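Engineer: Chains as they are written, first to last, in the authors' numbering: chain 4, 15 to 39, 65 to 85; chain 4', 15 to 39, 65 to 85; chain 3, 111 to 220; chain 1, 1 to 132, 157 to 208; chain 1', 1 to 132, 157 to 208; chain 2, 9 to 218; chain 2', 9 to 218. A prime marks a further copy of an entry chain. For reference, the structure I am asking about is given below.
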Amino acid sequence: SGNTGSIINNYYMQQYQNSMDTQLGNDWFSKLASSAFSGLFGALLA
Amino acid sequence: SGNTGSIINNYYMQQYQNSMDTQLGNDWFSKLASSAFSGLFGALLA
Amino acid sequence: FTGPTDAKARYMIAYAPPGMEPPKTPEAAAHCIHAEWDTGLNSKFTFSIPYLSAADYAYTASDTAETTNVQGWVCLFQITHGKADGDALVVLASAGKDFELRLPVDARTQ
Amino acid sequence: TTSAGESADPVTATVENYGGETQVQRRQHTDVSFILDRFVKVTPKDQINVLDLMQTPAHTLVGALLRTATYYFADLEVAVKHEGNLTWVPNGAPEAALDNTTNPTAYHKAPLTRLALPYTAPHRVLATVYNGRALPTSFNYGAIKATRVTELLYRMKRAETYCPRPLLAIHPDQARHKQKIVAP
Amino acid sequence: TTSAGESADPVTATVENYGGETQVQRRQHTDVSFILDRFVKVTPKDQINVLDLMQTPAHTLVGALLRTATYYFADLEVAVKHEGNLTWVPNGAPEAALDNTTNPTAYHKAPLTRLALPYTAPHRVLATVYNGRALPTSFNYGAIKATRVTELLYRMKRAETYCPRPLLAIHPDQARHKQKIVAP
Amino acid sequence: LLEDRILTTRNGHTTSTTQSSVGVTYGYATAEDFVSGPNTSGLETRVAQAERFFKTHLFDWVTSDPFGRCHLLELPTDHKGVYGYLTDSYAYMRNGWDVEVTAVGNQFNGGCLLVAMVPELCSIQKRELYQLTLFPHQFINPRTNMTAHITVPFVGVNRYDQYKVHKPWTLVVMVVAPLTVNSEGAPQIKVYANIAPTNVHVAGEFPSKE
Amino acid sequence: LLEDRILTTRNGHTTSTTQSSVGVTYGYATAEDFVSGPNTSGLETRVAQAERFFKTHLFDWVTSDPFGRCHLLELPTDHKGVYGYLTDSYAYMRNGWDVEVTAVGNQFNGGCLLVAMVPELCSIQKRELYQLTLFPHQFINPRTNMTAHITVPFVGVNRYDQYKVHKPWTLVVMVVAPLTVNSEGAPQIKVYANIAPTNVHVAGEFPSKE
């Protein structure tokens, strides 16, 4: 999450360091990045 | 690398102590050292 | 491009490096690593400019020592055209795939 | 790499095109979670200081990057070079709530205060810009008070914004902004 | 052990030749990586000090050995007996870059500063002599500043030079240089 | 606005693109005569480094400009870069001019230039000008194309041609149909020429300026 | 008149021969650092055309000529031919000077020059001159050799070195033993130097003199 290179369980329990992200029931920017064509709208020569 | 006689993983993670040497694709002075003949250009006697 | 359909035009993109000062004549420029194109049906077009430098890196900052720039003076020109004078050829900028960035430095910026 | 432009579908281009090869970049550093975990020393305005973020200098790394992605979530790791006993108090809790030792009333040592801080907003997410200088009273990560606080730093944690914003910088003047680097 | 000499192919010789035996030497000490890992206290010239190496006394062990192999690579382990807060800044980073607490701004204790330092040059390798008193502005391992620095030491790490240079010493006068050792 | 046709042609690092494409045409050849000849006795090498585009100007196709103006352009010709230095450090060699000719106005004018790439010559009879339709050549018209392009082979009289004093290739564009600005058409068309020397190898070598 | 030893070394078209051979020696390297680096992003090519011999003069080893005269010769250096034009049309590149050094007198003189090929530098301490025996180097003596030869690799500080303003390679020959004409020996030895730039590739390119 940035700079956490501790080899231990950072001692203090899981439900203690940070606050647990309850669920319900690059995410997207990587989705529209990994899809850019380097092709050619004609046909390469030489 | 000089004087590192620690029995642990020096705590702080691998990608943290030193900067990782990315590859690509005595090294040599030992190569031209380990090849010096103590022979004789004639023939030993006695 | 943004101009009329009665505005057929031609442009150029030269890219020279450190060691000499950039041209002013596509003629002299056609000797760098370039390319030529002309308005059509499809409008946009994105040219990737090469990563060339002694060290695999170099800085983002600069000095009045680097007026000779360690990375070059890219320079765009203009061939010929037709009733295509005063048109709009807007150029944008993204990171190519080869792109990379490192060594975090924070230092007063507004 | 031509294409249609009034369509704005991402249409990049790369080396190979006219020649050359393309490399294996290691952007580890431009990793949003990575380069937001490193403390920002904002002015701890007196004693009763609110763990806000738009208080921070909108020009620092963790500040700037902060002001570039509308939404966001993360936790907190503070620092308080100070006097007395830091008695933090949750979000929503009455201003006055921060005083009773029973509350997390830390006891001074030498010299600041390093503690962990949950993200405690009633909203599933927070923001540096609420269209609803004029931003919500639930937008605070708790609130501290001691009896004299001299250093206020906020190491944001487990970072993760959403949506983007405009990134600009130091308007040069000579098409190339000159400023002394680190020389031999 | 005769041989051709205007050929300079390594042509050593050893004991056995005329007699005697040859032994099992344990040169562990003349190990280049080993005898370069041990701090060198160079003058921390004021506060804004550049992590250069040709600043060090070209007569000390880690200095000398340093000045004997043209190329090289290694990391850093520093020391800073000092005042204020050491706020180091990477290579290339604007002189001015070193000031903002957000940067690695260490907080004083007692008495110096022991921290690790990556080798951060844009070049795949560095040198004490660039044929390109007159050596490159990218040849710096970052740059420190506090508010008064009294002790500057550089424990070079994971050492490894390349290519050699000339090694000479204390020009005697009596074919045998005399200097008091350690006596009972 | 049609069957749709685009195209970019890379030569070394230089790459001309276009949209009013029309195609191309190679004439006479498509190959190259075994450039591993006797006269070069193995002493010949490939220098596909200077193989690429350079710019030179043709005339200016103007309304008046009669039915004949065919601005010539010899190939080889003055080279301020690579290929030129090569001809100054070499005696014997051979290539093949790519040639991708443009002439910008817009899709509203009238008239046509006649592009052609012909070999050994000296000068041409007007009465002959009615048959460029015999050597590598293209036809320009702003109502279909903005670009021409025609890629020429190697002819020479020999396998490895010398250019200090000889130029086998010449490029002409006689105005077959005069230009008409018209109601809303463009004002003038400066015929620009983009060339490139391909599949070329050298043999031979002189001392130096010193 | 011995174990017998001859040798000719071809580089492109140029080929130095010798009879007082003695051998050679490559130092530091024998290879070359993967010249398919990132900074050149595929934009680099092999131009083994200018890879060959050119002549330049060292000093004149004369009897007086003290125990130190080590006429330097930077490498790179002024090129009236290929490799030079290459450096003028290019920014980034890298090679490896072959170097086959001669010094003609005859098999009767005394003394020795000390040939060496060392990288990045500025200037050397006399007290250091006693250790050229550390970098690629040879030893000359008219009673065994007339030629030297030592073939240097690429060191540079980077993969693709620029030479408009930088010269990593320097060549020195300090007189280790003064010269003695003697009874019937030769009169003087002009140390001649034969060099060649090898395994070299370029990347980069500027406009033109125009």
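Every residue, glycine too, gets a C-beta built ideally from N, C-alpha and C.
#1: So, does the CB of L159 (chain 1') fall closer than 8 Å to a CB anywhere in chain 1?
#2: For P132 (chain 3), which residues from the same chain have a beta carbon less than 7 Å from its beta carbon, with the 5 sequence-adjacent residues on both sides left out?
#3: Kindly indicate if chain 2' contains any beta-carbon less than 8 Å away from that of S163 (chain 3).
#4: Measuring alpha carbon to alpha carbon, tell me which residue in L80 (chain 2), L122 (chain 2), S131 (chain 2), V208 (chain 2) is nearest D169 (chain 2).
#5: Could you tell me which chain 2 residues have their CB closer than 9 Å to the CB of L151 (chain 3), listed as they occur along the chain?
#6: Output yes if chain 1 places a C-beta closer than 8 Å to the C-beta of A75 (chain 4); else output no.
#7: What does the alpha-carbon distance come out to for the pair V163 (chain 2') and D41 (chain 2')?
#8: The region 12–28 of chain 1: which residues have C-beta closer than 8 Å to a C-beta of chain 2, in chain order?
#9: From the beta carbon of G89 (chain 2), is the nearest beta carbon of chain 2' less than 8 Å away?
#10: Could you list which residues in chain 2' have their beta carbon closer than 9 Å to that of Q133 (chain 2), in chain order?
#11: Buried or exposed: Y25 (chain 4'), going by 16 or more other Cβ atoms within 10 Å of its Cβ?
#12: Apart from the five residues just before and just after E52 (chain 2), which ones in its own chain have a Cβ nearer than 6 Å to its Cβ?
#13: Alpha carbon to alpha carbon, what distance is there between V78 (chain 1') and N17 (chain 4')?
#14: What does a CB cutoff of less than 6 Å around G206 (chain 3) pick up in its chain, not counting 5 residues either side in sequence?
#15: What residue does the beta strand (DSSP E) around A111 (chain 2') start on, and which one ends it?
#16: How many whole angstroms separate the CB atoms of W177 (chain 2') and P215 (chain 2'), which I take to be in contact at a CB cut-off of 8 Å?
#17: In terms of residue numbering, what span does the beta strand (DSSP E) encompassing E137 (chain 3) cover?
#18: Assuming the contact rule is C-beta atoms closer than 8 Å, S204 (chain 3) and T12 (chain 1) should be a hit. Round their C-beta distance to whole Å, please.
#19: Is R172 (chain 1') helix, strand or coil when you go by DSSP?
#20: If you draw a straight line from the alpha carbon of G76 (chain 2') to that of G35 (chain 2'), how long is it in whole angstroms?
#21: Where does the unbroken alpha helix (DSSP H) through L121 (chain 2) begin, and where does it stop?
#22: Which residues bound the alpha helix (DSSP H) around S24 (chain 2)?
#23: How about the region 183–195 of chain 2' and the region 115–131 of chain 2': do they share at least three Cβ pairs that are nearer than 8 Å?
#24: Near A156 (chain 2'), what residues of its chain come up, given a Cβ to Cβ distance below 6 Å and the 5 sequence neighbours on each side ignored?
#25: Report yes if the CB atom of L112 (chain 1) is closer than 8 Å to the CB atom of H82 (chain 1), and no otherwise.
#26: Can you give me the start and stop residues for the beta strand (DSSP E) that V62 (chain 1) sits inside?
#27: Helix, strand or coil for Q170 (chain 2')? Go by DSSP, reduced to three states.
#28: Name, going along the chain, the residues of the region 178–202 of chain 2 whose beta-carbon falls closer than 9 Å to a beta-carbon of chain 3.
#29: Using 10 angstroms around the beta-carbon of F76 (chain 4), count the other beta-carbons present and answer buried if the total reaches 16, otherwise exposed.
#30: In or out: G20 (chain 2) buried (at least 16 other Cβ within 10 Å) or exposed?
#31: As a quick exercise: from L61 (chain 1'), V89 (chain 1'), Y119 (chain 1'), pick the residue whose alpha carbon is nearest that of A170 (chain 1').
#32: Nearest CA to the CA of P196 (chain 1): which residue from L202 (chain 3), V180 (chain 3), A171 (chain 3)?
#33: From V70 (chain 2') to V181 (chain 2'), what distance separates their C-alpha atoms?
#34: Please classify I14 (chain 2') as buried or exposed, where buried requires at least 16 neighbouring CB atoms within 10 angstroms.
#35: Inspect the beta-carbon positions of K181 (chain 1) and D31 (chain 1) and report whether they are closer than 8 Å.
#36: Does DSSP put residue 255 (chain 2) in a helix, a strand or coil?
Structural biologist: On the basis of the supplied data:
#1: Stepping through the fifth sequence from its first residue, residue 159 (chain 1') is reached at position 135. Yes - at least one Cβ of chain 1 is within 8 Å of the one on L159 (chain 1').
#2: Residue numbering aside, residue 132 (chain 3) sits at position 22 when the third sequence is read from its first letter. Cβ within range, chain order: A126, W183, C185.
#3: For the purposes of this step, residue 163 (chain 3) is taken as the residue at position 53 of the third sequence. Chain 2' contact via Cβ: present.
#4: The sequence position of residue 169 (chain 2) within the sixth sequence is 161, counting from 1. Here the closest residue by C-alpha is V208 (chain 2).
#5: By 1-based counting over the third sequence, the position of residue 151 (chain 3) is 41. The contacting residues are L9, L10, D12, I14, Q27.
#6: Numbered from 1 along the first sequence, position 36 holds the residue referred to as residue 75 (chain 4). By this cut-off, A75 (chain 4) is an interface position.
#7: Taking the first residue of the seventh sequence as position 1, residue 163 (chain 2') is located at position 155. Taking the first residue of the seventh sequence as position 1, residue 41 (chain 2') is located at position 33. Cα to Cα, the separation comes out at about 8 Å.
#8: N17, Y18, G19
#9: As a working mapping, residue 89 (chain 2) is identified with position 81 in the sixth sequence. Closer than 8 Å: yes.
#10: Here the question's residue 133 (chain 2) lines up with position 125 in the sixth sequence. The contacting residues do not exist; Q133 (chain 2) stays about 36 Å from chain 2' at best.
#11: As a working mapping, residue 25 (chain 4') is identified with position 11 in the second sequence. With fewer than 16 Cβ atoms within 10 Å of its Cβ, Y25 (chain 4') is classed as exposed.
#12: The residue you call residue 52 (chain 2) lines up with position 44 of the sixth sequence. Taken in chain order, the residues that qualify are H209, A211.
#13: Residue 17 (chain 4') sits at position 3 when you count from the first residue of the second sequence. Residue 78 (chain 1') sits at position 78 when you count from the first residue of the fifth sequence. Whole-angstrom Cα-Cα distance: 15 Å.
#14: By 1-based counting over the third sequence, the position of residue 206 (chain 3) is 96. Closer than 6 Å at Cβ, skipping near neighbours: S158.
#15: Stepping through the seventh sequence from its first residue, residue 111 (chain 2') is reached at position 103. 108–111 is the extent of the beta strand (DSSP E) around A111 (chain 2').
#16: Residue 177 (chain 2') sits at position 169 when you count from the first residue of the seventh sequence. Residue 215 (chain 2') sits at position 207 when you count from the first residue of the seventh sequence. Not confirmed; about 28 Å, so no contact.
#17: Position 27 of the third sequence, counting from 1, holds the residue named residue 137 (chain 3). Taken as a continuous stretch (DSSP letters only), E137 (chain 3) belongs to no beta strand (DSSP E), being part of the alpha helix (DSSP H) at 136–139.
#18: Reading the third sequence from its first residue, position 94 is the one you call residue 204 (chain 3). Reading the fourth sequence from its first residue, position 12 is the one you call residue 12 (chain 1). With a Cβ gap of about 6 Å, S204 (chain 3) and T12 (chain 1) count as contacting.
#19: Stepping through the fifth sequence from its first residue, residue 172 (chain 1') is reached at position 148. Coil, per DSSP.
#20: Mapped onto the seventh sequence, residue 76 (chain 2') falls at position 68. Mapped onto the seventh sequence, residue 35 (chain 2') falls at position 27. Each residue's Cα considered, the two are about 23 Å apart.
#21: The sequence position of residue 121 (chain 2) within the sixth sequence is 113, counting from 1. Counting along the chain, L121 (chain 2) falls outside any alpha helix (DSSP H), though it belongs to the beta strand (DSSP E) covering 120–126.
#22: Residue mapping note: residue 24 (chain 2) aligns to position 16 of the sixth sequence, counting from 1. Taken as a continuous stretch (DSSP letters only), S24 (chain 2) belongs to no alpha helix (DSSP H), being part of the beta strand (DSSP E) at 22–26.
#23: yes
#24: By one-based count along the seventh sequence, residue 156 (chain 2') stands at place 148. Excluding residues within five positions, the ones whose Cβ falls inside 6 Å are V109, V123, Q146, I148.
#25: Locating residue 112 (chain 1) in the fourth sequence gives position 112, counting from the first residue. Locating residue 82 (chain 1) in the fourth sequence gives position 82, counting from the first residue. The answer is yes: Cβ separation under 8 Å.
#26: Walking along the fourth sequence from the start, residue 62 (chain 1) turns up at place 62. Premise fails: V62 (chain 1) lies in the alpha helix (DSSP H), 61–64, not in any beta strand (DSSP E).
#27: The residue you call residue 170 (chain 2') lines up with position 162 of the seventh sequence. It is a strand residue.
#28: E192, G193, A194, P195, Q196, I197, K198, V199, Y200, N202
#29: Reading the first sequence from its first residue, position 37 is the one you call residue 76 (chain 4). Exposed is the call here.
#30: Your numbering for residue 20 (chain 2) matches position 12 in the sixth sequence. The residue is buried, with at least 16 neighbouring Cβ atoms inside 10 Å.
#31: Here residue 170 (chain 1') refers to the residue found at position 146 of the fifth sequence. Considering only alpha carbons, the answer is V89 (chain 1').
#32: Position 172 of the fourth sequence, counted from the start, is the residue given in the question as residue 196 (chain 1). For the residues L202 (chain 3), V180 (chain 3), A171 (chain 3), the minimum Cα distance to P196 (chain 1) belongs to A171 (chain 3).
#33: Counting from one through the seventh sequence, the residue named residue 70 (chain 2') turns up at place 62. Counting from one through the seventh sequence, the residue named residue 181 (chain 2') turns up at place 173. Whole-angstrom Cα-Cα distance: 13 Å.
#34: The residue labelled residue 14 (chain 2') in the question sits at position 6 within the seventh sequence. Under this definition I14 (chain 2') is an exposed residue.
#35: On the fourth sequence, position 157 is the one that residue 181 (chain 1) refers to. On the fourth sequence, position 31 is the one that residue 31 (chain 1) refers to. No, Cβ-Cβ distance for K181 (chain 1) and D31 (chain 1) is not below 8 Å.
#36: No information on residue 255 (chain 2) is available, as it lies outside the stretch 9 to 218 that chain 2 covers here.
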